[PDB]
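Residue numbers begin at 1 in each chain, while the letters A, B, ... track the order of the sequences.
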Amino acid sequence: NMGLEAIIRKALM
Amino acid sequence: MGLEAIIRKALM
Amino acid sequence: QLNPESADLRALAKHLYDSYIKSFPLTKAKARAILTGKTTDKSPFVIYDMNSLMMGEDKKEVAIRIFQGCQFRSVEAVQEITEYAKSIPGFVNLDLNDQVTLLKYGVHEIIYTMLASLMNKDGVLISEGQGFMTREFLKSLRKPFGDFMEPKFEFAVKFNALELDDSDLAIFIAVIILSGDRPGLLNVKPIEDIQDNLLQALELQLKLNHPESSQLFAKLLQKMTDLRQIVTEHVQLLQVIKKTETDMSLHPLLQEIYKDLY
Amino acid sequence: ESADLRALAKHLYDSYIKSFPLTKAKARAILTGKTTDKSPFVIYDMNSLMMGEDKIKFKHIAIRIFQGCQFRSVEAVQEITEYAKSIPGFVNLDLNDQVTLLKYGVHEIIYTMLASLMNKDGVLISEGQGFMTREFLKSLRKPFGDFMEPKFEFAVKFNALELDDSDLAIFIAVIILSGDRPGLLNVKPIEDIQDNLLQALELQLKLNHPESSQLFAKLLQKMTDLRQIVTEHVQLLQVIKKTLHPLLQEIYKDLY
Ligand SMILES: *c1ccc([N+](=O)[O-])cc1C(=O)Nc1ccncc1
Ligand SMILES: *c1ccc([N+](=O)[O-])cc1C(=O)Nc1ccncc1
């Protein structure tokens, strides 16, 4: 996982 | 490259 | 030919278009209007050499910090793409990790797709349409920076020659997102099922919208291969930068411009 | 035009049959046991590898590990090249571009045709006289046990498209006529040929796989996967530098 994956997960939720 | 020499040979 | 099947495909294309319009404030039509000189409030100062570069300011460790920058300033596009992805029928029912996986690979390719909208053969819009950085000026910059953007311009020239509009791109982008070949996907069949539906919708869209373009559908799919190559080329770009042996004060404005690119 | 596209498909198929002695039809017949020939020798473990050593050793010849497959694949390069000559318009391209198209295209085509020799359990070797199992290749010490598994993963999905040799002949032609190869001189006549090949591929798949939805698109996306495997080979060579040696050369000689 990366920061990008964390941005996406936040946006998905 | 050796591959290019083989291809040129096959094309001729 | 017009039957419930095709009408569903038209409904899907319309649904995708509306959601794309809602998700992406930066559309291709907007970019094209700026580039052809029709937007009074976005008359981009043309930056074409070092002299104009200095006039332009109104507002390697250098490279990595370009990438840290631009990849941080892409957060808004990633959130927009993610919002768009949520509206693709079926996407939010997929395994959450697959949704994340689809997006984490898809966003870079979609960013380049939308970057092309900001590009013509002469250069690229920057600073929200207030600057126009010329392609040849970018290419003239010292290694390694001079090689950063040229393959994106090459892709964009070819991509833009397809004359896609935002109706086309909305489906194209959806097709990119629903790529079942992303590494690490858990359930590839439910993704491929959506993409097959999207691909049907895309194929119909292109027939209805592009009577001129022989094999436009195929050519557009080939552009997904070019998009993957561009992303792939950035990995190789990091290596060129690892063994980059030079110091030079890249003009700070140019570093800022590069942070406006990808 | 439809008869023209059918004729092109048939011409490409006929050339493909002439150019490639081991076809997918022949490979599937070996793999499924339908031939009357002796079933292939199998390499599935250390015993059978040593037992089959004389069948896989070099009699015709850190990154010497792939010199075997490099040499063995020279014949495929030649066959692909001869096949390319039959593609209408190809020999009329500038010879530099013909060379450039083949030099990138052959690797993708070799992987395409390697898939014809693969099933989920292993791959034909020795021109179909042997069968090397997927698990044996996985069984090799790291990192050698990771070399072929991406190939098998691609092949299993590729083979699920159920293309026949008629399909592959056009698909391979489409690969060769890729206008985006680095260093191409004259992109437009290449694209013009490819557009005609794509037209023939489209009709071929509609006629030959009428119930296979979006097969054309799926096939086109496989070209991205093929390029990815070739690109992954660069990374494979780097992993190689950062490192049984005699076994490995022969084990890999008929792979890619
Ligand atoms: C940001 C800004 C400029 C450039 N460039 O000109 O080459 C590249 C980037 C960047 O980080 N692009 C990128 C990151 C991750 N995946 C693909 C592209
Ligand atoms: C030969 C034999 C095995 C393997 N492998 O398992 O990765 C690879 C090769 C080989 O040389 N493959 C190759 C060469 C050049 N370009 C692409 C692939």
Side-chain angles (χ1 to χ4, degrees), chain C residues 26 28 30-39 42-60 62-67 69-70 73-74 108 111-164 223 226-227 229-234 236-238 240-241 244 246-262, chain D residues 100 179-188 191:
Chain C
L26 294 188
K28 169 165 186 178
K30 284 185 185 172
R32 291 294 119 183
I34 298 168
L35 284 165
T36 61
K38 300 177 191 315
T39 310
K42 293 189 192 308
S43 214
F45 180 73
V46 172
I47 298 172
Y48 64 90
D49 64 357
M50 294 308 281
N51 272 263
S52 69
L53 185 74
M54 310 306 305
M55 319 303 190
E57 321 163 6
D58 321 315
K59 314 166 102 174
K60 307 260 276 189
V62 179
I64 288 296
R65 159 163 43 108
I66 298 291
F67 305 152
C70 80
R73 322 201 172 159
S74 75
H108 309 295
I111 284 160
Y112 281 127
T113 300
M114 306 180 319
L115 183 63
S117 296
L118 309 178
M119 289 172 138
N120 58 24
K121 75 168 183 97
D122 298 330
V124 53
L125 291 179
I126 52 150
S127 316
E128 310 174 67
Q130 300 311 323
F132 181 73
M133 177 64 165
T134 73
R135 170 186 195 172
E136 281 311 301
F137 184 29
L138 281 157
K139 184 147 59 89
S140 67
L141 304 178
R142 71 157 161 300
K143 292 183 187 305
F145 304 107
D147 291 325
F148 279 18
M149 292 312 296
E150 185 54 20
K152 287 116 191 204
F153 280 107
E154 277 160 341
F155 162 77
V157 166
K158 293 180 288 169
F159 194 74
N160 294 345
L162 299 179
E163 308 196 284
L164 304 178
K223 299 299 156 175
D226 304 356
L227 284 169
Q229 178 184 126
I230 302 177
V231 175
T232 286
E233 278 163 4
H234 185 91
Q236 315 151 222
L237 179 54
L238 291 171
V240 173
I241 275 145
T244 283
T246 178
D247 296 81
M248 209 165 120
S249 286
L250 208 266
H251 193 282
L253 190 291
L254 290 169
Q255 305 185 14
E256 201 65 35
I257 287 184
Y258 271 113
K259 286 172 175 172
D260 253 356
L261 301 174
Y262 210 69
Chain D
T100 294
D180 62 332
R181 304 313 195 169
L184 282 180
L185 295 170
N186 314 315
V187 165
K188 176 58 163 47
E191 289 172 338

Distance (rounded to the nearest 0.5 Å) between [X] [atom1] and [Y] [atom2]:
X	Y	atom1	atom2	answer
C/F153	C/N120	CZ	CG	8.0 Å
D/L184	D/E191	CG	CD	9.5 Å
C/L164	C/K28	CG	NZ	5.5 Å
C/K158	D/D180	NZ	CG	6.0 Å
C/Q130	C/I34	CD	CD1	8.0 Å
C/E154	C/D226	CD	CG	10.5 Å

Check your understanding: What do you reckon, are the aromatic ring centroids of C/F132 and C/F45 less than 6.0 Å apart?
Key -> no
**Study point:** Centroid-centroid distance, C/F155 to C/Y112, less than 6.0 Å
**Key:** no
Which heavy atom of [X] sits nearest a heavy atom of [Y], and at what distance?
X	Y	value
C/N160	C/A116	ND2-O, 3.0 Å
C/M50	C/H251	CE-CB, 4.1 Å
C/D247	C/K60	C-NZ, 3.8 Å

Practice item. Considering only NZ, NE, NH1 and NH2 on the basic side and carboxylate oxygens on the acidic side, decide whether C/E256 and C/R73 come within less than 4.0 Å. Key: yes
Exercise for review: Could you pull out all residues at least two apart from C/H234 that satisfy ring-ring contact (aromatic ring centres under 6.0 Å, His included)?
Suggested key: C/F67
Check your understanding: Would the number of heavy atoms belonging to other residues, nucleotides or ligands and lying under 6.0 Å from NZ of C/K59 be above 12?
Key -> yes
**Study point:** Verdict with supporting geometry, C/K38 and C/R32, side-chain contact (heavy atoms from CB on, under 4.5 Å)
**Key:** CA-CA 9 Å; C/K38 300 177 191 315; C/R32 291 294 119 183; over 6 Å; no
Exercise for review: Take C/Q255 and C/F145 through the test side-chain contact (heavy atoms from CB on, under 4.5 Å) and record every step on the way to the result.
Suggested key: CA-CA 10 Å; C/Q255 305 185 14; C/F145 304 107; over 6 Å; no
Check your understanding: Among C/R135, C/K139, C/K143, which residue meets the salt bridge (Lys or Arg N to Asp or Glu O under 4.0 Å) test with C/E150?
Key -> C/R135
